Structures are given as C-alpha cells and as structure tokens.
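Engineer: Quick one: the structure is below, and I'll ask about it shortly.
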Number of protein chains: 4
Amino acid sequence: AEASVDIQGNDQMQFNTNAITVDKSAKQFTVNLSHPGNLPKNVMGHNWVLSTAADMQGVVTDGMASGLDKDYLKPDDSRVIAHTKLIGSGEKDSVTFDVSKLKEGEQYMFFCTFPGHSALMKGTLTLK
Amino acid sequence: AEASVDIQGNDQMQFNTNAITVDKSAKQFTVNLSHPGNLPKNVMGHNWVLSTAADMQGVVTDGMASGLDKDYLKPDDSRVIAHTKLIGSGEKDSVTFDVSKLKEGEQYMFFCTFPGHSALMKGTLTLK
Amino acid sequence: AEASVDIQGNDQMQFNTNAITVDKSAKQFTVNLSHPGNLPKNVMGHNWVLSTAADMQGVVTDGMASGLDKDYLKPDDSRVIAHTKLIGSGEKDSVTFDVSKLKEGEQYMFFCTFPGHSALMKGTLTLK
Amino acid sequence: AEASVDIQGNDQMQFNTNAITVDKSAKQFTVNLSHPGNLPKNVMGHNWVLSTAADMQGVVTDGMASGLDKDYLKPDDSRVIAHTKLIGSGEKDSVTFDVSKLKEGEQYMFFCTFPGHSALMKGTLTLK
Ligand SMILES: [Cu+2]
Ligand SMILES: [Cu+2]
Ligand SMILES: [Cu+2]
Ligand SMILES: [Cu+2]
C-alpha cells in the first residue's frame, strides 16, 4: 500500500519477491511478513532482515552464530538497518522503518538469517 | 477472487508462488503468467507446466530435449494437463483448464521447463 | 573407494559431489555419510536418499510431511532404494544396498529430504 | 586457486567442488573451468568469479545488470579479484591470479554470475 509491502516466507524456503523499491516520498516503510505452510520455527523459521549489500554476509554470519534464541541475529547488530522476528508456520510479524535511514545510490538486500536460507531467500531492496 | 491465480516468474529464476489450491467447486481453472524483469526468453524464459508429480521428471527431461523451437515442451506430451507458452521478460500468457481433469487424491505440480529451472520454479497444485 | 563412496553434507547445504557412478560388477554399493560443520540436525539435517528420478518429487513431498521425528522420510516408503538416517553436524551414517535393485538405463537421483534442501542437495546415480 | 585447480560447472548448475585451498607458497594460481553437458552459454553459461564473502553480493547484483554480452560481469569491478569468462558446454576457460592479492584471515568465495546460479554455484576459497 504505497509505503508497505507484504512478504511471505514458505515451507519451500522462498520469499515471494526478490525486489522491493521503497518510495522516496514515503516517510517510513512497513514490511508485513507471513509464513504460510506447516513447518514450525525451529526447522523452517523465516525473519526479514535489511542491510547494505556489503553488510549482508556479516549479518547472516553473526546471525548464524547467534542462535535460534537470538532469532539467529546478533543483538544490536549495527549493520542491521531494520528487521522482523524469526516466525514459524502460520505466524506473522511486521516492521515499519524510517525511510531517511536509507539513501539513494546505495544497494540494500533483505534476507532471512535462518541457516542456509539466505541462499535463496533474499532480495535487493531495489533502492539497489 | 476465487478460480484463477496470477503468477509470475522472475529474473532470479523463481515463481512468486510454489503452491496452488484449486477449490473443487470452481469448474474451469485459469493461470495468468507474467515475466517481471528484463531477461529475454532465450536466457530466462518462463513457462507454467502442470502434470502429475510422477510425470514431472519426464515432462522436464523431454522438455529440455526439445529446444526453444518447441518452447521446451514435447509436442502433444500426454503427460501435460495444461501449460502456457514460454514467455520472455515483459510478456504474458494465460491458460484455462477443466478442473474435472483433476482427481482428488493426486499430487499435481507446476514447474517451468526451461533448462535448469524446475529446481526452483515449481510447486504443488491440489483440489480443495 | 572400491564399490563404496565417501560423501559430505556440509553447513552450507552442499554435497561435495553431484554424481555417483556404480559399477555393474559391484554386488552391493556403500555410501558413507558425514556432516562436517557445527549445526545440529534440526537446522542443518542431512540424509542421503536414493530413488528413481521420477519418484524424487513424491519421495521429497511426502518425507517433508513426515516430520523431524520421522527424519523427513515417509517410513516404509517403497519408493526409496536406500537411505541413511538424518544426521546433524559431526555425526555419521552409512548405507549399503544390493546393486541388483538397479536396472540399466534407469535414472537415479540422490537427495536430502530435510525441508528446503533437495533443490540444493541432489545429484545423479548411474549404473556403469 | 590451488597450484591450479580444475573445476566444473555442469548443466545441473553445479560446481564439482565447494572449496578451494590455495597454497600460501604457490605464487600464482590457476583455475581451469570446463563445462560437461550439452547446454549453450545463453541457457547454462558458467563463469568462475572470485571476490570476498563480503563483496560477493554486489558483484553478483552488478554482474547481472551487465548482460552476457558482458558475461554478466560489471567491467572494472575492482572487487572481482579474478574471473573466467562465461562459457557454454564443451568449453574450457582459465585464469591465473597473483596470490599475494589474497591475505590470511579474509573470507573469499567463488560463484558463477549467470543469473540465478549464484545460489547454487558457490564455494569458499582459502589460502593454505
Ligand atoms: Cu528463512
Ligand atoms: Cu523458467
Ligand atoms: Cu540436508
Ligand atoms: Cu552458471
């Protein structure tokens, strides 16, 4: 809805989009994430994490180390621009963020930090 | 909102959905396929092919063996319940099939037959 | 090695190999599975499963529906030609099966049935 | 990579190896990429491209917007430490890099930039 988008993480380990362009005019941007399917959080949990394309591997990696308990994300990870919780099947979480925290000319990526998921579960937040 | 789905196949080789539910009640079923992106058909084509889950492997094998001149589908392959055209980026196609050609208690699956694709571009279809 | 093969399923969802060649003169064939890395089975579980290339999807679809508790393998699944248990990191398992269960010019796929992994974890098995 | 390392990208979109060990003593490294299979560059093209785990994504995203006519590689990408060209089956390319261009305690990776192959096709490389 102009300054929001709905993302679904599934039992097949996929997002439903790999591109999001956030609009200039928008003051804050929300991400509504849902997890259709039947698998719990501990085998197939998906979060939505945003960062510059250069900080991605560092966040996935520190996330990988942090554990299920840390939502598979390093607490107060300064490279994490915005993010939801790690939810299992049928659950939902949303994150709304300040747009002036993004700048034009920079490539961002969203990705899930559950182990190995970023493999297939990521996009460019097409602002790049 | 009921007996037709809109799906899309992208440039990162993913369908926007990996699972279609067909309410038995609907009598004809329609699928509108669009190719978001910029990659031409010879590079990243997307079709939407439906067979039983048992015939999928073979549709694919033979689909490959049929080159682009045949849209990566074997001519009048009896295994194909329905299918669209292989569409390059920025185009679309639609296909309507009779839902009576589906029997409860059987795994159906949609996949793209463009070489290499079936691995990510696929999902279930089920009468419900 | 002699009519037995060494393979891994690591933490990045990968097999080292994507093709096993079996000899018509090997009476039985043994596949030794080890999972290097630090992830526990619930997150990065790996089994090595064998079936024909046509039964792969149903074998995968059904095994996912089986649950961790059943190792993501539909028990008594007559479509499986051989399999290990699903192991976490630093665990091991091996399977030895009679080579007469294979027929010349039939195609064998080996894959992992852990939710999400088979698109990444699969390869070819062929009788020489 | 390695005195030389011989790698294969096939039509199943796979590299016959997910890990390189470049001997700190060997002064220039060679990687020989070949392509078993019968698929053309336009459909199943392969390049081996090396960078840091860190830059992996921006090169990937930037390689994709460059086209195969460019071999899906952004020219003068300072980040690519070395790369082959994109090749079709029945081809072999090679590349030799200066090994002082890598350091110890720096995460490196290889991947092919053909659209949607980076998720499958990738492995770490590490100075021994
Ligand atoms: Cu996930
Ligand atoms: Cu396709
Ligand atoms: Cu696995
Ligand atoms: Cu490739």
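By order of appearance in the structure tokens: chains A, B, ..., then residues from 1 within every chain, and ligands from 1 in the order shown.
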For ligand 1, list the contacting residues at 9 Å or closer, counting only C-alpha atoms and all ligand atoms, as a ChimeraX atom specification.
Structural biologist: /A:9-11,13-15,44-48,86-87,111-118,120-121
Engineer: I need the residues from that last selection saved to file as a short mmCIF file (atom, residue, chain, number, x, y, z; two decimals), in the first residue's frame (with N, CA, C and O atoms), if you can.
Structural biologist:
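That gives us part27.cif:
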data_model
loop_
_atom_site.label_atom_id
_atom_site.label_comp_id
_atom_site.auth_asym_id
_atom_site.auth_seq_id
_atom_site.Cartn_x
_atom_site.Cartn_y
_atom_site.Cartn_z
N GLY A 9 7.21 -16.05 3.65
CA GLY A 9 8.34 -16.98 3.67
C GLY A 9 7.69 -18.35 3.73
O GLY A 9 6.82 -18.49 4.56
N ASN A 10 8.07 -19.32 2.89
CA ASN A 10 7.40 -20.61 2.87
C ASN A 10 8.13 -21.86 3.22
O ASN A 10 9.33 -21.84 3.48
N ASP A 11 7.39 -22.97 3.25
CA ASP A 11 7.98 -24.23 3.58
C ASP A 11 8.90 -24.74 2.51
O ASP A 11 9.56 -25.71 2.71
N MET A 13 11.20 -22.74 1.40
CA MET A 13 12.35 -21.88 1.64
C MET A 13 12.44 -20.72 0.66
O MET A 13 13.51 -20.44 0.15
N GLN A 14 11.33 -20.11 0.32
CA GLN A 14 11.39 -18.98 -0.63
C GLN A 14 10.64 -17.75 -0.20
O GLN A 14 9.78 -17.85 0.67
N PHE A 15 11.13 -16.58 -0.60
CA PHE A 15 10.37 -15.34 -0.37
C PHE A 15 9.40 -15.34 -1.58
O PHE A 15 9.51 -16.20 -2.45
N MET A 44 12.15 -24.46 9.94
CA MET A 44 11.87 -23.59 8.84
C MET A 44 11.40 -22.16 9.25
O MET A 44 10.52 -21.55 8.59
N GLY A 45 12.11 -21.57 10.24
CA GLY A 45 11.79 -20.22 10.69
C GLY A 45 12.32 -19.17 9.72
O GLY A 45 13.43 -19.33 9.22
N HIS A 46 11.53 -18.14 9.40
CA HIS A 46 11.98 -17.08 8.49
C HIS A 46 11.83 -15.66 9.18
O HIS A 46 10.86 -15.40 9.92
N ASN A 47 12.87 -14.83 9.10
CA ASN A 47 12.80 -13.45 9.58
C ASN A 47 13.05 -12.67 8.31
O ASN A 47 13.40 -13.28 7.27
N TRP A 48 12.94 -11.34 8.41
CA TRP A 48 13.17 -10.45 7.27
C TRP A 48 14.14 -9.49 7.87
O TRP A 48 13.81 -8.81 8.80
N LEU A 86 11.87 -13.89 14.01
CA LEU A 86 12.02 -15.14 13.22
C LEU A 86 10.73 -15.91 13.55
O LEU A 86 10.61 -16.38 14.65
N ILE A 87 9.78 -16.02 12.63
CA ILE A 87 8.49 -16.69 12.89
C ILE A 87 8.34 -18.05 12.20
O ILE A 87 8.97 -18.32 11.17
N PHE A 111 16.87 -10.43 3.52
CA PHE A 111 17.31 -11.78 3.51
C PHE A 111 16.80 -12.37 4.81
O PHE A 111 16.35 -11.65 5.63
N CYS A 112 16.73 -13.69 4.87
CA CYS A 112 16.29 -14.37 6.07
C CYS A 112 17.60 -14.89 6.66
O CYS A 112 18.48 -15.33 5.86
N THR A 113 17.79 -14.80 8.00
CA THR A 113 19.07 -15.31 8.57
C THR A 113 19.01 -16.75 9.08
O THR A 113 19.96 -17.21 9.73
N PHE A 114 17.84 -17.43 8.97
CA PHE A 114 17.76 -18.84 9.40
C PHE A 114 18.86 -19.47 8.50
O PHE A 114 19.01 -19.09 7.33
N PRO A 115 19.70 -20.35 9.05
CA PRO A 115 20.84 -21.08 8.40
C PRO A 115 20.76 -21.70 7.01
O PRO A 115 20.26 -22.81 6.80
N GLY A 116 21.40 -21.04 6.05
CA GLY A 116 21.35 -21.53 4.71
C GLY A 116 20.24 -20.91 3.89
O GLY A 116 20.35 -20.90 2.67
N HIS A 117 19.24 -20.28 4.54
CA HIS A 117 18.12 -19.69 3.82
C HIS A 117 18.50 -18.56 2.91
O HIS A 117 17.98 -18.49 1.77
N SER A 118 19.40 -17.68 3.36
CA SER A 118 19.84 -16.53 2.53
C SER A 118 20.31 -17.03 1.18
O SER A 118 20.41 -16.27 0.21
N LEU A 120 18.72 -18.79 -0.90
CA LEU A 120 17.66 -18.46 -1.83
C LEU A 120 16.74 -17.36 -1.43
O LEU A 120 16.01 -16.83 -2.27
N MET A 121 16.65 -17.12 -0.13
CA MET A 121 15.76 -16.14 0.45
C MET A 121 16.35 -14.75 0.68
O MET A 121 16.62 -14.39 1.85
#
Engineer: Please, which residues of chain C lie no more than 6 Å from chain A when the count uses only C-alpha atoms, and can they be set out as a ChimeraX atom specification?
Structural biologist: /C:12,42-43,116
Engineer: Can you tell me, as a PyMOL selection string, which residues in chain C count as alpha helix (DSSP H) by DSSP?
Structural biologist: chain C and resi 41-44+56-64
Engineer: Based on the selection just made, write C-alpha atoms of those residues as a short mmCIF file (atom, residue, chain, number, x, y, z; two decimals), in the first residue's frame.
Structural biologist:
data_model
loop_
_atom_site.label_atom_id
_atom_site.label_comp_id
_atom_site.auth_asym_id
_atom_site.auth_seq_id
_atom_site.Cartn_x
_atom_site.Cartn_y
_atom_site.Cartn_z
CA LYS C 41 20.16 -31.74 12.85
CA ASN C 42 17.02 -29.65 13.38
CA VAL C 43 18.60 -26.73 11.49
CA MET C 44 21.03 -28.39 9.09
CA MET C 56 12.08 -37.99 -6.34
CA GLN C 57 9.36 -35.40 -6.02
CA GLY C 58 6.82 -37.63 -4.29
CA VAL C 59 9.55 -39.10 -2.14
CA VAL C 60 10.60 -35.41 -1.13
CA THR C 61 6.94 -34.02 -0.83
CA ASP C 62 5.88 -36.93 1.43
CA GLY C 63 9.07 -37.03 3.50
CA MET C 64 8.67 -33.35 4.36
#
Engineer: Can you tell me, as a PyMOL selection string, what residues are no more than 8 Å from residue 97 in chain D when counting only C-alpha atoms, ignoring any on the same chain fewer than 4 positions away?
Structural biologist: chain D and resi 1+28-30+81-82+101
Engineer: Just the strand (DSSP E) stuff from chain C, please, per backbone DSSP, written as a PyMOL selection string.
Structural biologist: chain C and resi 4-8+19-22+28-34+49-52+82-83+92-98+108-111+122-127
